[PDB]
């Protein structure tokens, strides 16, 4: 349940579709000095090379083998990345696609990222190897062989998720091949895993697989370190399967988090920020110590999976920064920051027809992440984790780690504020008028740099400065026209 990050590092970033060499560099030049705890990488195992449409991001969720050979790089490059990141104290978490192999209708051949042969029709994946009796064809009871109704917990686990050949996870052989793959990764140095499509696997089968896993590599981690496990289970209520069914295996993605935060920040259905005072279990969320939270993920930022139209993304920059800021300042859950790439989003009748577009590329080859002088990224990589407002809130969370949620204030509408012990204080204005008021910050008297509008550099603030008096009070002024309608100050932004 523990992330295995360095003490004081409290977040992981999803460097979606990034190449291994770029992640390795990012660890050394940025993630390490900026206090990021780790990186969730895209599936590192060989997948189907899909040409129609052209190399969609989702082709990586169709395994062909467990060879570490993808568009992100080969095994040597993967190992090089894990080693270099671990050497600077930044962890690597692998997106483990272990519930299935490729779509059952994909043409047999060698159209795979490493050239391995596979035949979906005959259930033949010799590179693993898996054969017909390693899948759930006979176990599934639906007429189509695919998942048709989520109100039936059994078919959700034994049938094909949108046609993806479903592995027979009850078999020791299958459990062992998956464990062989995961242990290869652990011994390489990975600190944990995102278990893809966990709702589609029986809690007990996941447990059986986890029981076969090694402790983390003792060259970098303390003896007895268990891999961090966060299971992707979309539970927004209304279905028989609950996130809690997976608590015995590790943490679980809390999709209610971004869904509700999005509706609140967008002020949909009469919701408003003042309602966030009891954010957390009070909103029907799972226990904080089991939650992996995020504003958006690779699926819902483009209409896939679940979360709805309320999901905030980099496309909604201003509101997105505020949502991410609230998440990073609030003690609930373990935080994951999204880092995306820009694609030609094209809405037709309310839906994005280009929701399949893969990462920036030249004839199928993923483009490198270029770093501009102003620290932003080029080649269409968004790099939200490099936005000052987000990067500084990632540090805010580190600085206030362990401090209690306190000194809450709200105007009964959308102007709220709260502190984290005596280490940090944050103020938000999402109303259509100015927020000008003196608030109790719980902070020691002094001059603090607002880390949203600026930075503390060479003993000075580059942005707004906040003055806390002997009584712990400070005046905050945020116009509804402000570039970023929120201010955040903490112990390490004090002059």
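Residue numbers count along the first chain shown, from 1.
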{"item": "Of 329 to 337 and 219 to 227, the stretch whose C-alpha atoms average the higher B-factor in the entry", "value": "219 to 227"}
{"item": "Which of 413 to 421 and 338 to 346 has higher mean CA B factor, as the PDB entry lists it", "value": "338 to 346"}
{"item": "Criterion, highest CA B-factor; candidates, 474, 12, 15, 24", "value": "474"}
{"item": "C-alpha B-factor winner, where the candidates are 456, 60, 55, 67", "value": "456"}
{"item": "Relative C-alpha B-factor of residue 430, binned into the chain's lowest, middle or highest third", "value": "middle"}
{"item": "Position of residue 359 among the chain's modelled residues by C-alpha B-factor, lowest, middle or highest third", "value": "middle"}
{"item": "Ranked C-alpha temperature factor of residue 39 among modelled chain residues, by third", "value": "lowest"}
{"item": "Third assignment of residue 398 from its chain's C-alpha B-factors", "value": "lowest"}
{"item": "Relative C-alpha B-factor of residue 138, binned into the chain's lowest, middle or highest third", "value": "highest"}
